[PDB]
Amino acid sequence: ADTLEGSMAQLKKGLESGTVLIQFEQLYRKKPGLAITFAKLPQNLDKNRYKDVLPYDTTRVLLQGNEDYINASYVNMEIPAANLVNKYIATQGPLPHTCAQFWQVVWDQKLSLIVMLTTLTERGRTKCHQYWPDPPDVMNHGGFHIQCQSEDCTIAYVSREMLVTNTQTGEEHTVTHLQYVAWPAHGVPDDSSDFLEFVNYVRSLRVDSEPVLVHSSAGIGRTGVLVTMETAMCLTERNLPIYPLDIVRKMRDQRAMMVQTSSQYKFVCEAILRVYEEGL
């Protein structure tokens, strides 16, 4: 209902008011009534990095390493008006002993793009295990030979090409890996223009009908911001209306707590107005 021009006026009003932040604060963090059981089974507990960030049973990724478990969710953002779905797999920064499962997901679905929205360590703590090798070095995870063929960077992110080799069959798979390093946990990007640049890079790398694997440390805060922003941009180019609270709810229905702080939400809303006004 209503238009792009109209939703954007509505969004601006709500930022100025500000009712958008109130409604965000009132939005549920977990979808009422969705079971979270497998993630808390005894054999699975230590495969979670955070005790409070767990996948729903219904949307959790099933390992075709088979009847195993991983802290990862399917997250599909439908833009019905454009007949469009942007598939994601949203996951935590792997643990030393869950690395093998992380590469199993990438291999089972032949994901070609990985987006990592965290540094490995932050403020005295480990936020993610380094599951890829620093060249020249090479590493093995659960029957996968991983080598980093290429490294380049901007001020905000590192772009890496990786080669994944099945050690049984000798089959090879290539993956693009993007690590945004200028975006602290529980916060906003250090630079908004780099962020928008980055998100457009991600969209241009996206393969249709193939999920993009997106993670940060917990896989809900900064990933949620990124999924909202990519959704908004697909809508803007198609002159379709944008309702960021509907976008966040639809994410939260598939993985709990996406877009963690009010500051993150306020940030992505302002970026959405920014992109719209500069393309007008």
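Residue indices: 1-based, along the sequence shown.
Chemist: Using only C-alpha atoms and the B-factors in the entry, which stretch averages higher, 24 to 32 or 64 to 72?
Modeler: Between 24 to 32 and 64 to 72, it is 64 to 72.
Chemist: Do the CA atoms of 253 to 261 or those of 6 to 14 have the higher mean B-factor in the entry?
Modeler: Higher mean C-alpha B-factor: 6 to 14.
Chemist: By the CA temperature factor listed in this entry, which of these ranks top: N166, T98, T91, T154?
Modeler: Across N166, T98, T91, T154, the entry lists the biggest C-alpha B-factor for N166.
Chemist: I'd like to know which of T176, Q130, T121, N140 has the highest C-alpha temperature factor in the PDB entry.
Modeler: Highest C-alpha B-factor among the listed options: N140.
Chemist: If you rank every modelled residue in this chain by C-alpha B factor, which third holds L45: lowest, middle or highest?
Modeler: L45: CA B-factor falls in the middle third of its chain.
Chemist: Ordered by C-alpha B-factor within the chain, which third holds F144? Give me lowest, middle or highest, please.
Modeler: For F144, whose C-alpha B-factor we compare with every modelled residue in the chain, the answer is the highest third.
Chemist: Would you check the entry's CA temperature factor for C234 and let me know if it's in the chain's lowest, middle or highest third?
Modeler: It belongs to the highest third of the chain when residues are ordered by C-alpha B-factor.
Chemist: Mind checking which third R206 falls in for C-alpha B-factor across the chain?
Modeler: Highest third.
Chemist: Could you place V105 in the lowest, middle or highest third of its chain by Cα temperature factor, using the values in the record?
Modeler: Its C-alpha B-factor, which the entry lists for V105, ranks in the middle third among residues of this chain.
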